[PDB]
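**Q** got an experimental structure here, sequence first:
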Amino acid sequence: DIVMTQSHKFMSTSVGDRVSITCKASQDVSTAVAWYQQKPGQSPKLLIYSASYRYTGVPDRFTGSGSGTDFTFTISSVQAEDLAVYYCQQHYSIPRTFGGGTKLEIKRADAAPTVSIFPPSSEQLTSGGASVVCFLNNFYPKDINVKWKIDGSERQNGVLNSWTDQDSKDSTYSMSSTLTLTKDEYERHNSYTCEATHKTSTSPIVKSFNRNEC
Amino acid sequence: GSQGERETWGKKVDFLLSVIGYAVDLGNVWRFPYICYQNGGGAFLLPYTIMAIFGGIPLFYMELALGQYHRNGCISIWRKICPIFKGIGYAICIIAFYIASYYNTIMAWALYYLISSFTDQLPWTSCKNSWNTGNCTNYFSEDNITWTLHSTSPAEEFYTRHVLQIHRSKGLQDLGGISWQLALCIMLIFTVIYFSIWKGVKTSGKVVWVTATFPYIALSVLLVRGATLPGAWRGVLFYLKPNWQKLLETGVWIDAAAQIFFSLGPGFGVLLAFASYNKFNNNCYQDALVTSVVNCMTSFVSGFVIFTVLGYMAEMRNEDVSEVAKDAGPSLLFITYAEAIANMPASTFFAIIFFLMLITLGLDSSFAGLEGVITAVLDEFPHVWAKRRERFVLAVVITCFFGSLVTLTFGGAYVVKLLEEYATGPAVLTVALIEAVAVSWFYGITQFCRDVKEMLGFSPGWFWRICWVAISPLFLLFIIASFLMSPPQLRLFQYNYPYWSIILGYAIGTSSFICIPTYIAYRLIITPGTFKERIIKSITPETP
Amino acid sequence: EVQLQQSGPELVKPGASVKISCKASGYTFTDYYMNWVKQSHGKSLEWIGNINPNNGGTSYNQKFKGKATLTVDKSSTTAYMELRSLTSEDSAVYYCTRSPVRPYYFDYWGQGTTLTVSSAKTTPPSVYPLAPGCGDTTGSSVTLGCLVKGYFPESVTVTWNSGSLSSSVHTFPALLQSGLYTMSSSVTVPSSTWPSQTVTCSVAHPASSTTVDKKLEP
Ligand SMILES: *[C@@H]1O[C@H](CO)[C@@H](O)[C@H](O)[C@H]1NC(C)=O
């Protein structure tokens, strides 16, 4: 059989930069290669075929080249909506196989995370539970530290950090820090504080609210 | 007095090339490379040579030695060996009739291709013709083209809708009517074999000079042509790429055993007829050895001839020569190979010498196929025949024309595959198995070794003895049981054969076989005495 | 134009069987091969096999031989893929895509079908609105949210005001714990529309066939 190998699982580029993703096949393909664009949450979309040719409906900024085992998918102008996962695929021999894929991450300037803390709703308090939420929106890069404070003290138990993917508009990551506690433990404390340490500023961003009728 | 002893060959080289012409046919060109590249790739040579040495050569040499020693036809030779098996000569006569029905229609297609290759622009290049559909898409056309399930190539359109006109038949049910162009093409073939046969082995040996030698020239021209083609290594790669895991399959040895047998075709009485006219002092051992190697080496070099052009054809398309080699049959040479040679410079030259080679490959094998039966009946009915040989030759030739009238129809190509697979294959192996067993056992292998000891001056080695006693009948018994256990499900041109086609094929298979057991019943009922007394006289050959 | 509409998500127990429809439109259905591609979570695309609509001729993959069965119907122009002996590896997104016979490429794909093979009971989600406190400082924009907790499988959808408008919404991926998924959503809207107008988040779980709508209140 045939093995399509993409040696780089991730490739860092910037908006407008010239980026080229490689592909490595098992044997000589002459020119048969198909480059697909799968946006997150969408089906894979065909772009290049026969390695030099573009499918209908594909903008001029997407090109391809090479004849051999190795092939190159070239994007002259990268956009924000161009964030996706690209695959290379061979059509000659049965079965048809795909490469591991290369996720294209967009590099941009640092962005200050927008931190918002939320009190538990009364609908959740009716069910016998309470959850204090900490939202972190529009920051770059993905690496950020999130520290929780119930009252004055670092709470490392019951904290879940969920990182979304990169944005297709401003290319900014967003994460959510969730602190889940029992209703009995929630009514024994008042002022909750969640802080976030990012590389944009040395001082961590501190948010706080009071439990008694906000 | 009067005629007495039979005739003899003109020269040692004439019958040497004559038996080589019978062995080398269309199958040595397309068939061997496909089964080689499909099973194990280049590793297919290992079982193919083993099945040749153990199975193929001893039957070929035993059949050839019996011909030169006894100098009798396919029928009369059983009168002097095992008279109950005299029906074997009759079964071969019925088998060769079923063979000659379709076999000359294929050359008629290559002849229709040969006569249609005289135009400056070949018909299967362009899609503008009377026989093309709207699905026809050729090259030298708009780029970016994407093929469709319903689309058809101009070469596939040309072969389907014109020479075959297979679209005008719904299947085996209604194949009518007859295409008269192929009826004239096969009439010319029946005429050119008429003038190459009717006199005897004298004319056949001289016409063989052209018919045996020319394919090697055309193969060499297409070899040098196919080698210079860009990207021709893909076909040769897929051709010779060894797959050793395919050797673990119990079927690939059966494919190798059946391939080497039907390429050499021992025990068919044709080699028996060609040897009957040779010299008694002459040595047939060196003949059978080198003759079989030529058939195998020709198929080996024919593998490069086909797959170099198939590799270049896969180069203009995208690789995987297996996919362009998908359909194995006349479509490989008449469509894929013809469309491949149509894209090359001076395509009229290579196309003429190609289909002419195809006619040249089938002419010599058709000469001998009739020669074996003609020699059989002439030796079986002497002085009631031989008044004129052109009389018996014309009778058997025009009979094959009426037998081919079913094959000349629109669905005649459907009948070609029905007869080639179901009919001839099992019965020829059966009649060769019964022949090999009767010679090695009934007549005995000891007296057979004594006849060779009087022929060449020395007894044959123990290797040939154990082959004739055991290995060779087991070689034929292996292919028989495998064929009967797994009867093939056949399909041609996007059309699956009906379930009852095997029933019709078994009828054509047993219709030749019914003669020998009814002849054994005819011999045992006529012979007086007891069962042990009459069969002993029936087992004992003619005492004088 | 050309659209391939697959079936909805499926939650099935291991050892059972499952079937996925594919509805094709916008072209001549008998003119193209029909293919099925398997994509595991975090893994690459995997070609299961193709089928010829005319005769139903099926070319499978040696890896998927006997694992998948492709069928076709020319009356409704619909292709199916059946799977037996379901395991945890079989939980993944499957796509039915159109391809010609040459050159072989997948031009149009289906929207995908989410398959989850587990014996875990189907659990309806808990929708708790996430609203800013009354002591927060109102700026040029306010961030809202809604919480989804304790649902299985991962199939869920959270919409805001019938899709109009989300020009800023941050939906945080689902996290699996104790056999139940949990996720959260957020939306950034200016302070001029709130709390003057009506803003409501809609949570829908297709596997449990439940839809709970919760309006945000300060
Ligand atoms: C092309 O072939 C399809 C089926 O193979 C047939 O339905 C169609 O009529 C053909 N086109 C023309 C122009 O005849």
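**A** Arrived safely. Residues are numbered from 1 along each chain as shown, chains lettered A, B, ... in the order given.

**Q** which parts of the chain belong to which domain?
**A** Here I'm looking at chain A. Under CATH domains of a matching chain, the residue ranges defining each domain of chain A are A:1-108, A:109-211.

**Q** my bad, the chain I had in mind was chain C
**A** Split into domains by CATH domains of a matching chain, chain C comes to C:1-119, C:120-215.

**Q** okay if I get those domains as TSV plus mean neighbour count?
**A** All C-beta spots, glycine's among them, are computed from the backbone N, C-alpha and C. Listed next are the domains of chain C as TSV, based on neighbours: other C-beta atoms under 10 Å in any protein chain shown:
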stretch	mean neighbour count
domain C:1-119	17
domain C:120-215	17
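
**Q** now the ones you listed as a markdown table including distance to chain B?
**A** Rendered in a markdown table, the data for the domains of chain C read as follows (distance: least, C-beta to the nearest C-beta, whole Å):
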| stretch | distance to chain B |
| --- | --- |
| domain C:1-119 | 4 |
| domain C:120-215 | 35 |
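
**Q** nearest to residue B:484 among those would be which one?
**A** Closest approach to residue B:484 among those (C-beta to C-beta): domain C:1-119, 28.1 Å.

**Q** is any part of the closest one close to chain A?
**A** Yes. Remark: domain C:1-119 sits within contact range of chain A at C:37, C:44-47, C:59, C:61-63, C:95, C:97, C:103-107, C:109-112, by C-beta under 8 Å from any C-beta of the partner chain.

**Q** how about the domains of chain A in CSV, adding mean neighbour count?
**A** As requested, those are arranged in CSV below (neighbours: other C-beta under 10 Å):
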stretch, mean neighbour count
domain A:1-108, 18
domain A:109-211, 17
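
**Q** out of those domains, which comes closest to residue C:162?
**A** So among the domains of chain A, domain A:1-108 is nearest, using C-beta to C-beta, at 19.0 Å.

**Q** using the three-state scheme, assign the most far-flung residue of chain A relative to its centre.
**A** For chain A, the C-alpha farthest from the mean C-alpha position belongs to residue A:188; by C-alpha atoms, centre = their mean, that distance is 37.5 Å. Classification of residue A:188 by DSSP: H, G, I helix; E, B strand; the rest coil places it in coil.

**Q** could you do residue C:181 as well?
**A** Each residue gets one of three states, and residue C:181 gets strand by three-state DSSP.

**Q** if I pick residue A:34, what's in contact with it?
**A** Residues touching residue A:34, when contacts are defined by C-beta atoms under 8 Å, 6 or more residues apart in numbering or on different chains, comprise A:46, A:48, A:49, A:88, A:89, A:90, A:91, C:105, C:106.

**Q** the last one reaches residue A:37, doesn't it?
**A** No. Taking contacts as C-beta atoms under 8 Å, residue C:106 lies outside contact range of residue A:37: 11.9 Å.

**Q** list the contacts for residue B:340?
**A** B:309, B:310, B:312, B:313.

**Q** could you identify the most distant pair in the residues you listed?
**A** The largest distance within the contacts of residue B:340, taken as C-beta to C-beta, falls between B:310 and B:312 and amounts to 7.4 Å.

**Q** count of neighbours near residue B:265?
**A** Counted with other C-beta atoms under 10 Å in any protein chain shown, the burial measure for residue B:265 works out to 25 neighbours.

**Q** still on that earlier bit, I'd like the contacts of residue B:340 as CSV, with secondary structure and neighbour count appended.
**A** Shown next, in CSV, are these (DSSP: H, G, I helix; E, B strand; the rest coil; neighbours: other C-beta atoms under 10 Å in any protein chain shown):
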residue, secondary structure, neighbour count
B:309, helix, 25
B:310, helix, 28
B:312, helix, 26
B:313, helix, 25
